[PDB]
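Residues per chain are reported as follows:
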Amino acid sequence: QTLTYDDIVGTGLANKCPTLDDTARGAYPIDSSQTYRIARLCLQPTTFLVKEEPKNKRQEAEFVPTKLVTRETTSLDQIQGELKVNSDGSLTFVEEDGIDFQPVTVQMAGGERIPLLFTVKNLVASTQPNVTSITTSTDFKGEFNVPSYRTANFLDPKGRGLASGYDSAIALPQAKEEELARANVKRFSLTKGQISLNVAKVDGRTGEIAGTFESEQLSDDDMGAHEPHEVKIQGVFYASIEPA
Amino acid sequence: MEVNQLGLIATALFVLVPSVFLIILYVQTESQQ
Amino acid sequence: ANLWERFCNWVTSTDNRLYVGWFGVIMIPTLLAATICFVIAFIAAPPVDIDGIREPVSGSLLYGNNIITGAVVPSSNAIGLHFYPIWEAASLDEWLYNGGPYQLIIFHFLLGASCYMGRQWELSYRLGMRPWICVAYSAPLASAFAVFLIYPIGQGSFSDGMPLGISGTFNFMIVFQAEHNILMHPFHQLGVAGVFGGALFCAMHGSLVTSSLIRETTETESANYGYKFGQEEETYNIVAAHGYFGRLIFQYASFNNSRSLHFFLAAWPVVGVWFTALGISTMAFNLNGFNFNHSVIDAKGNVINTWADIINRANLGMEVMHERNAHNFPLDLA
Amino acid sequence: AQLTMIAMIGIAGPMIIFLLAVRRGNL
Amino acid sequence: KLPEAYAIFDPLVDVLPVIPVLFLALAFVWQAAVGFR
Amino acid sequence: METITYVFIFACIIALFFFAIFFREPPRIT
Amino acid sequence: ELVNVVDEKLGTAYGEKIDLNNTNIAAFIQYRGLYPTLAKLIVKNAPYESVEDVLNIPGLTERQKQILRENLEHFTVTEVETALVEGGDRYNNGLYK
Amino acid sequence: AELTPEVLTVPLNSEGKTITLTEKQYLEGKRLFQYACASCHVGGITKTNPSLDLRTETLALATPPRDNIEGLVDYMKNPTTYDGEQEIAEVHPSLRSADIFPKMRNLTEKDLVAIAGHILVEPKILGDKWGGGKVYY
Amino acid sequence: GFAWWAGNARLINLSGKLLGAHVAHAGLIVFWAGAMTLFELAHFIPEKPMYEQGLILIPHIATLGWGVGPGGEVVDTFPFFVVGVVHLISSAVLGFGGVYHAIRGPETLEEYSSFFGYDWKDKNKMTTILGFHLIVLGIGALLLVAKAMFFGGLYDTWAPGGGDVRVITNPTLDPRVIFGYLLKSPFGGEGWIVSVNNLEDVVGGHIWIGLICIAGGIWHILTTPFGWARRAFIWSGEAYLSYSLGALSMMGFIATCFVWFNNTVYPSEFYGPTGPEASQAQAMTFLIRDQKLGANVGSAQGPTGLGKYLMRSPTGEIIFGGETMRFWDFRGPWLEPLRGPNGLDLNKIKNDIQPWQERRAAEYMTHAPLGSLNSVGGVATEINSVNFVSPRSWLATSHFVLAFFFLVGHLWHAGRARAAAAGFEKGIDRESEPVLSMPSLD
Ligand SMILES: CCCCCCCCCCCCCCCCCC(=O)OC[C@H](CO[C@@H]1O[C@H](CO[C@H]2O[C@H](CO)[C@H](O)[C@H](O)[C@H]2O)[C@H](O)[C@H](O)[C@H]1O)OC(=O)CCCCCCCCCCCCCCCCC
Ligand code: CLA
Ligand code: CLA
Ligand code: CLA
Ligand code: CLA
Ligand code: CLA
Ligand code: HEC
Ligand SMILES: CC1=C(/C=C/C(C)=C/C=C/C(C)=C/C=C/C=C(C)/C=C/C=C(C)/C=C/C2=C(C)CCCC2(C)C)C(C)(C)CCC1
Ligand SMILES: CC1=C(/C=C/C(C)=C/C=C/C(C)=C/C=C/C=C(C)/C=C/C=C(C)/C=C/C2=C(C)CCCC2(C)C)C(C)(C)CCC1
Ligand SMILES: CC1=C(/C=C/C(C)=C/C=C/C(C)=C/C=C/C=C(C)/C=C/C=C(C)/C=C/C2=C(C)CCCC2(C)C)C(C)(C)CCC1
Ligand code: OEY
Ligand SMILES: [Cl-]
Ligand SMILES: [Cl-]
Ligand SMILES: [Fe+2]
């Protein structure tokens, strides 16, 4: 059975991606001729890991765990896009559209808030060659775009912005402006992230797949005010495949 | 925060000096009776 | 000698230094809960995302605030009117980011103050008093209900209730003026009449009684030692006060009856504050102050501005600036 | 005119007091 | 608008809802007439 | 240092309330 | 070394013509017969390397092409500015009235 | 200053002709504009789509030109998008859509001329305030 | 004992003049209901929504199924005329009775008849009059049921095809549903009984209420109060007044929130959109407009980083963005067709928004319940032109104000009742001041 809105509302289930049965160890075969889309792609994070900074030389900092403070507002869903077959048997998913970002802030020990734009925007992801069947060993690896957490109209607390706002620290009329450059000049970062998607379940009949995902991206830089942190997201996904 | 350094002593004396004045007056009142 | 009757006897006892009573049985715990949470949060709570846009606002002394700028910050707009007790949060960290202390403090407080009002009725009955001091207090209680509960109900969110802070109070009243024009609303004007008028009559009545004290002391001593707590005779000459004040205005503008005088002193500010409380409460449902924007036009149709239009320019400046990152659409409908 | 009818209506009440007091009844 | 057959009573009906207010006023005429006994 | 000052003054006011209520000049009839 | 990239862009053709790669869609109301239909097409099929590329949008009727020709000289192209085109800002840049 | 025949003289068509309204027609039109249009169009803006306003310069760049009595009367009958490419009677009030916008039912032809005349006259009186929005209040 | 300004307190123990005061005052009520309907109908233009016309009574009659057809279009005004005339006429009969009993009738009833006479301290007689009135109210509630099931139905804003008058054949009887509402949190997304959102539950709850009221009426005719109740209460006329002032205050507060939030038994077709509805409508309006221009509304990141048009509630449901994130608990007939199980459905948004929903969204965003005391519609900074204040604000504000004064009246009369019952309502007996006989506190 599939539920109605009034069954789900306020449960938190709306933030959970669909699960496949543990019986679902199939294979979805790929007619290299035919074309396919991804009708629905759903990414549910379960774990937010943030890289520490180790003070001194190549002491190689670790990824430490964090507390989510923004509640059940994290999943990406309704993502759709071309699933292509390439010359060499590889499959490539090209994202077209969807609810493909969520702001998240997590809290590290000591209380520091780390906000991030958890996203797969412009995801291009590709299997190995000679797939011919999607199976419980298929791996998609891809990269995507991570635009600035805030967009250009964002005004900081003293009225400063990029596409709007003051261009100076108006409360300090005759302060020397060079110390303030990084806070006064907002810039808009656009970085790249990486995702692996590991299929662990397949319903051959329906064309649904599910499994596990790890992605790496940068946290918010507050329009260039401070340097970002590297974030690692772990979680589970769900897609359904359709002939084109 | 980059607060005024003399705020502290300004505050301490603003409390201390008038309060002490009242305490002197009260204690020597109580020991008349 | 029955155990419960003994407890009922201590609860309602008039020999306790502070009266407890049945209302006090709710009041005490609820006010301690609200107070202790408020003090802890005012000192040490981390920034709160009041407008639900992941733009946290620092309210507490440890996070860079002073006494004037500090606040316990209202709960997140993402929550709206939803109930956010601690146990509905995944973690205290979550609850703190999202503004949970504000809900704990204001609901315990409103409960406890409501019982404070009941307690006033109740001790009056145990002492054989007339009962209506609590009707007087219902004017400030209603005013607290308006800014902490009624206005958030009408607007759809505790994020638009009054912050528990000094500068937060000012933010509240500025944004209220832009969205409602409380100044042009008659119920606020009676509030001002209630509060100006009460300060006036406070000063008059205090000056008139002091003017007419009966000489009972020397120049070396406080006149106040001429009243002895519980003396039967009045300590001033109300006929001398009436004779003074009647001549300053004219006879029949001055009270000769002390009971009418003191009732009048009770009624004036209580009623004006009832109205101002009802003004907040009705602007909660957007029945706003008078709008005379462009009401005077010349014979061609030119707008001829009035002071009301200058007010509107100011109101516009507050409107376009407040919650500057929170609006995506042209109308700020709540 | 609506000013006509609310005059005949508004005069009714006071007329009742007037008639009763110049006939000296239970007021 | 009222049914055509009652159109004649339009201006009476525009004044009717204020009549309960007038009963409040009336209690004060009465009490001035008896000296606020 | 500013935080400690604010909390110190606040705490002195609470102490003062305690003394003003429980260690007041008892009011005595005449 | 820190510049505001939206202010820099105002010092290019962007600050005097409708820029096919960056300008928000409301600006196409400025000239006749361009909004909403062609403006929708133009924004969807950006970016462009020269102004004249607009005419190779598949689907144009010959009247649509004519309208574009009458307005080629109000158009410019400049490098896509990420800040002007992320967030869907070419369709709604937060400015109303 | 006053409401003179110059003010009240607006274009009838795109050919060049003019009609001169009366004070009666103008006040008529203002009144019907409040009845039928100001809920969205107060002050010459458009609440539900602020990129399109009732400023004369905007109407003159509409396809079918709408900066004349005829353009406007026509629009109130068979509205189009700004480029004239699609009819929009299903989501904009007009006589063609008077089943679904009942307020248009009792509008006579002369009511349309008054409304259209108010629209063209008002910007001559208030200038930038017509269609400028809150910046000019 | 009482002054002219407390003059009605002189009726406390005059059951005959007090019957007249009550009946004459019930006449004023019926009179107002009558005149006001006729005043509204005299002013009513059917081609204008009711809520552009300052109508508060006609929408109550329409909601009961009279005068209207599909979509709330008014189709026949004669039931509105009838309701006003009948009320109007019936007030003369109450007014006649009222001034008869206040002026000429027996000043006290008890001498004339032991049935109609009462003494406030007679606990059996008082519970018996309460019994009778409980039954009357039970009947009143069932009249609503009878209309809904046997005399035309009621208007149903939720009926498919724009809303319509619909007869109710399967009222909800399940006590879990009906009493479930009584147990729902009053807080957001919950709504206590203000969340009732279908006519089946409305009609079912009224069957229950009528039975419970009739059974209680009968219970209170046949019983006298138990000793725990006898010792718990004050038994005096002023004390009964105070209890009822408490109850009407409570009910006034409830009605305030009902007309502010509920759009089932206050259809927005008639009353205008609720505050939340109009706010949701604006987000819908600009989602529709921007998507028509090519915007991908699901993927548009807004300035803060939340979705410009669409984001997630705190429990995950896809909802409208911007400040209206506070209003995501709103449910309405023009918007539910876009809801799937996870909240608003992006494929329904991209493909299946109809024109009627575009019109309704635009209509409601431009008729939000904001306006001035002098009926200038909209936000406080808008210029004169649109003469509109939502009936929902007029009814919400008016009943807030009345509810608050009745709570004050509750406190007034309850404390006085208590003090009068123990005998110190007139002040402190100098010769026996209770404080002077207590030990001092310190
Ligand atoms: C004057 C006359 C009247 C006399 C009145 C009586 C006088 C006595 C007055 C009492 C004064 C009490 C002061 C209250 C302090 C509240 C502390 C708090 O809440 O502190 C709670 C702490 C805080 O927990 C930690 O809280 C942290 C919060 O951190 C935050 O705070 C940090 C600073 O600490 C940093 O800022 C950090 O960055 C920031 O996020 C993290 O979230 C941790 O994960 C989380 O574990 O938790 C703990 O373990 C708490 C233990 C409970 C664990 C839950 C188990 C369930 C037991 C429930 C017990 C209910 C009590 C019984 C009731 C009655 C019984 C009969
Ligand atoms: C069902 C409702 C109800 C009932 C039956 C009573 C009944 C009574 N009250 Mg209570 N009362 C109520 C509600 C009610 N009250 C409410 C809601 C409040 C709070 C506002 C009070 C507060 C109150 C006080 C303070 C007192 C009473 C008293 C009394 C007694 C005498 C009252 C009298 O003679 O009035 C006479 C009527 C007047 C003097 C006129 C009142 C004028 C009002 C305030 C103006 C309102 C005008 C309106 C807003 C709009 C005007 C428009 C304009 C065009 C005219 C009587 C037993 C008295 C008492 O204790 O007796 C035991 C008393 O002292 N009442
Ligand atoms: C709904 C409002 C209301 C009602 C129903 C009443 C009713 C009553 N009052 Mg209260 N009262 C009110 C408001 C009200 N009062 C207010 C606002 C005040 C403050 C001024 C008072 C002050 C007051 C005092 C000071 C006293 C009363 C008393 C009384 C009772 C006797 C009156 C009497 O002797 O008539 C004498 C008056 C007349 C003979 C004048 C004629 C008035 C008639 C009834 C007007 C009817 C006109 C109408 C259009 C006719 C329709 C007829 C048609 C239907 C057939 C009566 C039951 C008295 C009482 O308790 O007696 C013991 C008393 O002492 N009242
Ligand atoms: C709740 C209101 C109420 C109450 C408690 C009373 C009580 C009383 N009245 Mg009053 N009276 C009332 C309303 C009320 N009356 C009204 C509304 C009118 C004007 C129509 C009168 C006119 C009136 C007069 C002229 C006289 C009384 C008399 C009496 C006494 C004897 C009644 C009796 O046995 O008659 C017999 C009872 C009946 C024949 C009852 C028949 C059924 C009734 C009429 C219909 C009930 C249906 C329903 C509940 C309500 C109407 C439907 C409507 C809502 C659509 C008694 C104290 C007499 C008295 O005391 O004088 C010394 C007297 O002469 N009454
Ligand atoms: C107008 C309505 C009305 C009124 C005034 C009364 C009045 C009275 N009833 Mg009756 N009663 C009624 C309707 C009414 N009843 C109906 C319809 C029924 C049928 C169910 C009953 C059944 C009934 C019984 C069976 C008994 C009474 C008794 C009594 C007396 C004591 C009341 C008491 O202590 O309760 C005060 C209330 C409490 C002590 C308990 C509080 C319980 C509530 C539910 C708490 C919730 C409050 C909450 C904040 C509000 C939200 C509601 C929530 C459920 C969602 C008093 C005379 C008693 C008596 O002496 O009978 C002879 C008694 O034993 N009544
Ligand atoms: C100034 C005086 C005043 C005025 C003019 C109003 C006016 C109004 N009130 Mg308010 N009210 C007031 C004072 C006032 N109130 C006070 C002092 C309180 C207490 C604080 C309230 C508490 C209150 C509540 C709790 C509610 C109202 C509501 C309303 C509205 C509807 C009234 C209604 O339908 O009653 C109902 C009518 C009756 C009870 C009379 C009997 C009706 C019978 C049973 C109907 C039978 C119909 C049936 C279907 C017929 C079918 C028969 C079939 C077989 C043919 C109306 C605009 C309602 C509203 O809209 O709120 C937003 C509402 O819910 N009022
Ligand atoms: C009362 C009868 C009127 C009149 C005379 C006009 N309107 Fe509207 N309007 C609305 C919207 C959303 C648009 C944009 C349509 C589009 O192109 O997508 C318009 C547009 C107009 C115009 C054209 C203006 C231009 O610059 O070209 C004109 C002349 C016009 N309208 C006149 C919205 C609304 C409403 C929202 C419910 C209402 C009501 C009206 N309009 C009413 C009227
Ligand atoms: C429906 C109808 C009807 C009915 C009606 C009626 C019922 C009426 C009545 C009415 C009335 C019921 C009236 C009354 C009035 C009154 C008034 C007019 C008042 C006045 C007042 C004054 C003015 C006051 C003053 C004063 C004084 C005296 C003292 C103190 C001070 C003062 C100043 C306040 C008829 C028959 C028509 C028929 C048709 C329809
Ligand atoms: C007691 C008293 C009082 C009060 C009183 C009362 C409250 C009254 C009542 C009365 C009443 C309550 C009245 C009413 C009346 C009514 C009438 C008399 C009716 C009639 C009507 C008619 C005539 C109608 C007709 C018509 C029709 C049918 C149709 C439509 C149109 C018309 C409307 C025309 C006072 C306080 C003052 C004083 C003291 C004592
Ligand atoms: C119709 C309807 C419905 C239903 C409902 C119902 C069924 C209801 C119920 C109701 C109820 C069933 C109610 C209850 C109430 C109760 C109360 C309100 C109580 C009160 C109490 C009190 C007030 C008390 C007091 C006291 C105390 C506490 C102590 C001792 C003393 C005294 C007694 C004083 C529904 C919603 C479904 C739907 C819609 C419609
Ligand atoms: O006024 Mn303006 O309106 Ca009531 O919401 Mn919309 O903005 Mn925001 O959050 Mn607090 O404040
Ligand atoms: Cl702000
Ligand atoms: Cl918004
Ligand atoms: Fe005094």
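- Method information in the entry identifies X-ray crystallography as the source of the structure, with 2.23 Å recorded as the resolution.

1. Focus: the interface of chain I and chain C
Link 1 in the chain: Contacts between the two partners involve 71 residues from chain I, matched on the other side by 73 residues from chain C.
Link 2 in the chain: Summing both sides of the interface, chain I and chain C together bury roughly 6,200 Å²; the carbon and sulfur share of this comes to 66%.
Link 3 in the chain: Here chain I is connected to chain C by two salt bridges.
Link 4 in the chain: Notably, a salt bridge pairs C:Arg17 with I:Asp442, separated by 3.9 Å at the nearest N-O pair.
Link 5 in the chain: At the junction of chain I with chain C, the criterion picks out 26 residue pairs in polar contact.
Link 6 in the chain: Listed by contribution, the elements that provide at least two residues to the side of chain I that touches chain C are α8 (237-261), α10 (275-292), β7 (371-372) and α13 (391-422) of chain I.
Link 7 in the chain: Of all the elements, α13(I) adds the most residues to the side of chain I that touches chain C, at 16 residues.
Link 8 in the chain: Here the side of chain I that touches chain C is composed, by residue class, of 42 nonpolar, 19 polar and ten charged.
Link 9 in the chain: Where strand β3 (residues 287-288) of chain C meets β7(I), two bridges bridge the pair, whose relative direction is parallel.

2. Describing the site of ligand 11
Link 1 in the chain: Residues in close proximity to ligand 11 include C:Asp51, C:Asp160, C:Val175, C:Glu179, C:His322, C:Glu323, C:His327, C:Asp332, C:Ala334, I:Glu323 and I:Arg326, which together make up its full environment.
Link 2 in the chain: Those chains with residues close to ligand 11 are chains C and I.
Link 3 in the chain: One nitrogen or oxygen atom from the side chain of C:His322 is found 2.9 Å from an oxygen atom belonging to ligand 11.
Link 4 in the chain: When the residues that make up the shell around ligand 11 are grouped by side-chain class, the tally is two nonpolar, two polar and seven charged.

3. Focus on the coordination of the iron ion (ligand 14)
Residue and element names in this part refer to chain C.
Link 1 in the chain: Distances from the iron ion (ligand 14) to its protein donors, namely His-205 (NE2) and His-262 (NE2), fall within the range 2.2 to 2.3 Å. In this pair, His-205 sits in helix α7 (residues 186-211) while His-262 sits in helix α9 (residues 258-283), placing the two residues 57 residues apart along the sequence.
Link 2 in the chain: By relative accessible area, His-262 is classed as partly exposed at 37%.

4. A look at the UniProt feature "transmembrane region" in chain B
Link 1 in the chain: Here the UniProt feature "transmembrane region" sits at residues 7-28 of chain B.
Link 2 in the chain: Between the C-alpha atoms that bound residues 7-28 of chain B the distance is 32 Å, and the span itself is 100% helix and 0% strand.

5. Some details on the pattern of salt bridges
Link 1 in the chain: Under the definition given, this model contains 46 salt bridges over all chains.
Link 2 in the chain: For I:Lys350, the salt bridge goes to A:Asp97, with nearest N and O atoms at 2.8 Å. Of the two residues, I:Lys350 is situated in helix α11 (residues 346-351) and A:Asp97 in strand β6 (residues 91-99); the pairing between them involves two chains.
Link 3 in the chain: The partner of A:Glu227 in a salt bridge is A:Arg182, with the nearest N and O atoms 2.6 Å apart. With A:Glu227 in the loop between β13 (208-218) and β14 (230-243) and A:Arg182 in helix α2 (residues 181-184), this pair connects stretches of sequence that are 45 residues apart.
Link 4 in the chain: A residue is classified by how much of its surface remains accessible, and A:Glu227, at 55% relative accessible area, is exposed.
Link 5 in the chain: When salt bridges that share partners are traced, they join A:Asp6, I:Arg331, I:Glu336 and I:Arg339 into one network.

6. Comments concerning the coordination of the magnesium atom of ligand 3
Link 1 in the chain: In this structure, the magnesium atom of ligand 3 receives exactly one donor atom from the protein: I:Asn8 (OD1), at 2.1 Å.
Link 2 in the chain: Relative to the assigned elements, I:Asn8 resides in the segment before α1 (15-43).

Conventions used here
- Residues numbered from 1 in each chain as written, not as in the entry; some residues may be left out.
- Chains lettered and ligands numbered in written order.
- Part of a larger assembly, values for the part shown.
- Heavy atoms only, no water.
- Residues with missing side-chain atoms left out of burial classes, pairs and counts.
- Contact = heavy atoms within 4.5 Å.
- Buried area = accessible area lost by both parts, 1.4 Å probe.
- Salt bridge = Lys/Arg side-chain N within 4 Å of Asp/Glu carboxyl O.
- Polar contact = N/O pair within 3.5 Å; in protein donor to acceptor, adjacent residues only side chain to side chain.
- Helix = DSSP H or I, 4+ residues; strand = E, 2+ residues; numbered from the N terminus.
- Nonpolar A, V, L, I, M, F, W, Y, C, P; charged D, E, K, R; others polar.
- Pairing = 2+ DSSP bridges.
- Near = heavy atom within 4 Å.
- Donors = N, O, S within 2.8 Å, 3.2 Å for Na, K, Ca; no water.
- Buried < 20%, exposed > 50% of the residue type's maximum accessible area, 1.4 Å probe, protein only.
- UniProt positions renumbered as here; feature names shortened; annotations may be inferred.

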